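Since the structure comes first, as structure tokens, the remarks are kept for the end.
Note: ideal-geometry Cβ built from the backbone for every residue, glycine included; neighbour counts use all protein chains shown. None of the figures in this text is laboratory data; all of them are computed from the coordinates on show.
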Amino acid sequence: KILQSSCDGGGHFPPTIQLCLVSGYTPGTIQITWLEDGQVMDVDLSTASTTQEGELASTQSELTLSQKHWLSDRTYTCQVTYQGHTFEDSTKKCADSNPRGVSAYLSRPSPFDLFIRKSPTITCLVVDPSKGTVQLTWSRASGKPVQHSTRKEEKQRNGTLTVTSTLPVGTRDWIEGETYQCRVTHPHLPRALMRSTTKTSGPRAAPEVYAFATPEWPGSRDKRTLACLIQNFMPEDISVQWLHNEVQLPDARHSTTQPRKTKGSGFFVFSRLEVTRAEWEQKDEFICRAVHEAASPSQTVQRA
Amino acid sequence: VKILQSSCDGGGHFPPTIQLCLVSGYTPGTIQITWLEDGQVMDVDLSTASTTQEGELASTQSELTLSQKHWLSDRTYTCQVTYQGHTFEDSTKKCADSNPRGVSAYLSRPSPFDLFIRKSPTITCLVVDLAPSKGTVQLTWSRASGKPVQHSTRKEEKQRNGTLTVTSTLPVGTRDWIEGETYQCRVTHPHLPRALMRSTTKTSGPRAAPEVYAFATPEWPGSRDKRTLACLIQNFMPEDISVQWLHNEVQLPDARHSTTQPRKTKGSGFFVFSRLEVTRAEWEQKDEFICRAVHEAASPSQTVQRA
Amino acid sequence: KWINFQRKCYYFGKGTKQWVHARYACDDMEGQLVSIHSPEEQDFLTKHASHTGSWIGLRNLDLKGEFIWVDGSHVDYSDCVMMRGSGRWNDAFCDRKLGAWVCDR
Ligand SMILES: *[C@@H]1O[C@H](CO)[C@@H](O[C@@H]2O[C@H](CO)[C@@H](O[C@@H]3O[C@H](CO)[C@@H](O)[C@H](O)[C@@H]3O)[C@H](O)[C@H]2NC(C)=O)[C@H](O)[C@H]1NC(C)=O
Ligand SMILES: *[C@@H]1O[C@H](CO)[C@@H](O)[C@H](O)[C@H]1NC(C)=O
């Protein structure tokens, strides 16, 4: 049974939140893993301690969390692995008696899928359960036929059902200006919820890519940082990728900031990449490729 | 001594039975534990006491069982500890619901420029309200210890998207913030069933000096008079950072200059990017652009600048 | 109530509070946090010292870097600094809580 940190006299939340407490069991090797709505958290944040009392063994884990992380409405799960079964226990911030309605989100396809991969896809993420009667109907603005979407449902640990529908859209059809409609129906909801997205019609501008390298700093020798600036482009849709030895580096390695407006019409994005001594010695060339709607030639703007 | 309440399930629903209290280590001796209900002594049969000796210091824990109707009725429980010096007190109360009807409040820490250079630190409470109806957004201010606070500038700005946003700027002490004082805030609305409580303090933990890097963009076809300046400030903790742009010994305002949100490095530290656009008349008159960065761990005198 | 030594009065308060919260308690009881300058003064504090630890009037302003006492006097005889059960001092966290505090007037 998980035990959370209590609030003060007034009812105000403390800056640091402490969780978890595991009951007595038969002596043996145990595995404690922290989760954040189906995502494994860092082991350094939690502290483990085992104490033997009489015949049964007791263990306690303590995870420290900030006030902004706990009050952001996120469910934490303590995964216990012993004898190859697994025992789950979830903890959440004090909530109301089920407020608001069912919300659906329809996102535009990324420029990588639209130009490089040539396979653009639209995902309909709907957050909800009483009964498994969530229907996702697909239709077009003109009245053209559509292919069947991959309807996959994932029941979350917080007691909610999330079903995604991936529809394969045409490459030439999206650039021309086709609007894709979606219909979501539920017995609890009175009116039929409908969400539709299309190509962001407005001004078009070619992005300006700038490559920068950081010099040697006292303390660091093996590791170096690469900074990239992509500015003056509309719409906000942009794909940032780093290249080394003609091949694309993984998405986890490079970090990209949210599209922010310039002091002018356009948008700007910053890219950061951390590289080791073995990378530049083998090949001293780092090119950051940017994919955009108005980009030329063939929607590819790259700078070394 | 610290009181630990029973956690809610996955959905956020309250459990039928609530378990509280935990008392820290002390010098061996006879102790007295008494349970209170807003200044009223509760029955001894409801609570269970157990003493455990660990090394040299003795540890004791009390567990009081309460029904869901008793805990959610908005009542404060106090654990009175009597040992040598007379009395000791720690209070526990119900947690106010977060995001009621799509209403979120944000309380930010004061920027290092206002804390060290300007010497006037201020805390802003930005609350986003999606449904602007007949009622008030009362922003009550209080301290963790119970010290008096000055009146905050309550200004409301109705946005074009159909939402109301009210900000409360509270003037906090310079020496009080560094020492470790926690500032509490209470948000109430007549249409909303439950209140909103958000509190912030000085992030006590590891300290690291920021690494400032200055860069200039070359000539691009189309643009001739205007040029852009890029700055990188990395490897620093906590996330609180102030970014300033200087030209002819005079600082530049919030306009032209743009700074990204503090993002985590693949490591311990944090990183921020700064962008500034300059005209041909600026570099010809003076070809020097210094970007100033203010941080808690920064040296010398909380000033790290690069040209 | 205050136990006397040399000429200065000393109060040995008990209760789980932070360094800043313990500082307000000394102000309400007419005075301020304990400041040590004499080597013989440390011997008296060890006699009434708590096993958990007691908060002392040593703090960091960060602007200068060096540690200065609560009143404003420079440190001669030897992040919020606490006093151990043995006698010697060590660096500790600002948000950290202890069940003992010492005030002087
Ligand atoms: C139970 O846990 C799940 C975790 O998967 C929570 O679902 C998450 O809910 C948020 C808020 O509705 C979703 O974020 C939204 O994403 C869209 C698309 O990127 C964006 O446009 C919105 O601005 C927003 O950030 C998030 O995608 C969603 N996660 C998944 C995988 O569906 C769920 O809300 C939790 N339940 C409760 C009651 O808190
Ligand atoms: C409305 O505008 C404000 C501007 O500050 C923004 O913060 C908010 O997210 C906007 N709301 C919606 C629904 O876009």
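Name the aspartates and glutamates eligible as straight-distance cross-link partners of A:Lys261: C-alpha to C-alpha under 12 Å, and not fewer than 8 places from it in the same chain.
In chain and number order, the partners are A:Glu236.
Any idea how far the Cα center of region B:237-301 sits from the one of region B:176-206, in Å?
First find each Cα centre; the distance between them is then 29 Å.
Which far-off residues, 5 or more places away or on another chain, put their amide H under 5 Å from the one on B:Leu22, with H placed in the peptide plane?
B:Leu4, B:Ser62
Could you work out, residue by residue across C:16-28, how many beta carbons of other chains sit within 10 Å of that residue's beta carbon, and then give the average as an integer?
Mean partner shielding for this stretch: 4.
Taking the Cα-to-Cβ direction at A:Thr51 and at B:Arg224 and moving 7 Å from each Cα, how far apart do the two end points lie in nm?
Computed distance between label sites A:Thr51 and B:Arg224 equals 7.8 nm.
How large is the dipole of the protein assembly as shown about the Cα centre if only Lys and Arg carry +1 and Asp and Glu carry -1, each at its Cβ, rounded to the nearest 20 debye?
2360 debye
Over all residues in C:6-15, what is the mean tally of Cβ atoms on other chains that come within 10 Å of each residue's Cβ?
For peptide C:6-15, the averaged partner shielding equals 2.
Check region B:96-202 and count each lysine pair with an alpha-carbon distance under 27 angstrom, considering only pairs eight or more places apart or from different chains.
Value for region B:96-202: 8.
Got a sec? Charge dipole of region B:1-95, +1 on Cβ for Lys and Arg, -1 for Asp and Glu; which of B:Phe14, B:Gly29, B:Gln80 is way out at the positive end?
B:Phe14
Explain nothing, just the number: dipole magnitude of region B:96-202 about its Cα centre with +1 on each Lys and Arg Cβ and -1 on each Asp and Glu Cβ, in debye rounded to the nearest 20.
Dipole magnitude for region B:96-202 comes out near 100 debye.
Return the unpartnered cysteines for chain A, using a Cβ-Cβ cut-off of under 4.7 Å.
A:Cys7, A:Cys20, A:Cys78, A:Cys124, A:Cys182 - these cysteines have no disulfide-compatible partner (Cβ-Cβ under 4.7 Å) in chain A.
Taking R0 as 45 Å, what FRET efficiency do you get between B:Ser145 and A:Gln156 from their Cβ-Cβ distance, rounded to the nearest 0.05?
Working from the Cβ atoms, E equals 0.65.
Helix-derived [θ] at 222 nm for the protein assembly as shown: sum -39500 (n - 2.57) over DSSP H runs of at least 4, divide by residue count, nearest 500?
Roughly -1500 deg cm²/dmol at 222 nm, from the helical runs in the protein assembly as shown.
If R₀ is 41 angstrom, what is the calculated FRET efficiency for the pair A:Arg253 and B:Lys69, using the beta carbon separation as r and rounding to 0.05?
Here the calculated transfer efficiency is 0.15.
In straight Cα distance, which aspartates and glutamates are under 16 Å from C:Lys97, not counting same-chain residues fewer than 8 positions off?
In chain and number order, the partners are A:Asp8, B:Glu89, B:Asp90, B:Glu179, B:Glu181, C:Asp79.
Which whole number gives the average count of other chain Cβ atoms within 10 Å of the Cβ atoms across peptide A:87-95?
Per residue, the average neighbour count from other chains is 6.
Using the Karplus equation 6.51 cos²θ - 1.76 cosθ + 1.60 (θ = phi - 60°), what ³J(HN,Hα) coupling, rounded to whole Hz, does each residue of region A:2-10 give in order, writing x for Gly and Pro?
Using θ = phi - 60°, the values come out as 6, 10, 7, 6, 6, 6, 6, x, x Hz.
Compare the Cα positions of B:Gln53, B:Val127, B:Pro112 along the charge dipole of region B:52-136 (+1 at Cβ of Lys, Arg; -1 at Cβ of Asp, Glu; about the Cα centre) and return the one farthest towards the positive end.
In region B:52-136, that residue is B:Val127.
Taking a ≥ b ≥ c as the square roots of the eigenvalues of the Cα gyration tensor of chain B, is the shape rounded (a/c under 1.5), prolate (a/b larger than b/c) or oblate?
It comes out prolate by the Cα gyration axes.
How large is ³J(HN,Hα) for each residue in region A:68-79, as worked out from phi by the Karplus curve 6.51 cos²θ - 1.76 cosθ + 1.60 (θ = phi - 60°), to whole Hz, x for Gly and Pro?
6, 7, 6, 7, 7, 6, 9, 8, 9, 10, 9, 7
Rounded, prolate or oblate: which one fits region C:2-105, using the alpha carbon gyration tensor with axes a ≥ b ≥ c (rounded when a/c is under 1.5, else prolate when a/b beats b/c, else oblate)?
Since a/c stays below 1.5, the shape of region C:2-105 is classed as rounded.
Quick one: what are the phi-derived ³J(HN,Hα) couplings along region A:282-287, Karplus 6.51/-1.76/1.60 with θ = phi - 60°, whole Hz, x for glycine and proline?
6, 7, 8, 8, 10, 10
What ranking do B:9-16, C:17-24 get when scored by the average of other Cβ atoms within 10 Å per residue, highest first?
C:17-24, B:9-16
Calculate, in whole percent, how much of the Cα-Cα pair population of region A:1-92 lies beyond 21 Å.
34 percent
So who's got an amide H within less than 5 Å of the one on B:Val127, skipping anything under 5 residues away but keeping other chains? H placed 1.01 Å off N, in plane.
Under 5 Å from the amide H of B:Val127: B:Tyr106, B:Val166.
Using only the Cα atoms of the protein assembly as shown, build the gyration tensor, take square roots of its eigenvalues as a ≥ b ≥ c, and label the shape rounded, prolate or oblate: rounded if a/c is under 1.5, else prolate if a/b is larger than b/c, else oblate.
Taking the square roots of the gyration eigenvalues as a ≥ b ≥ c, the protein assembly as shown is oblate.
Fewest first, what order do B:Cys8, B:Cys21 take by the number of other Cβ atoms within 10 Å?
Ordered by Cβ neighbours within 10 Å, fewest first: B:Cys8, B:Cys21.
Along the charge dipole of region B:203-307, pointing to its positive end and built from +1/-1 on Cβ of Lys, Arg, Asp and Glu, which listed residue (B:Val272, B:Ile241, B:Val304) has its Cα farthest out?
Comparing the listed Cα positions along the dipole, B:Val272 ranks first.
For region B:159-307, report the translational diffusion coefficient in µm²/s to the nearest whole number, using Stokes-Einstein at 4 °C, 1.567 mPa s, and a Kirkwood Rh over Cα pairs.
Estimated diffusion coefficient is 70 µm²/s.
Mind putting a number on the dipole of region C:2-105 about its Cα centre? Charges go on the C-beta only, +1 for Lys and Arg and -1 for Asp and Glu, and I need it in Debye to the nearest 20.
360 debye
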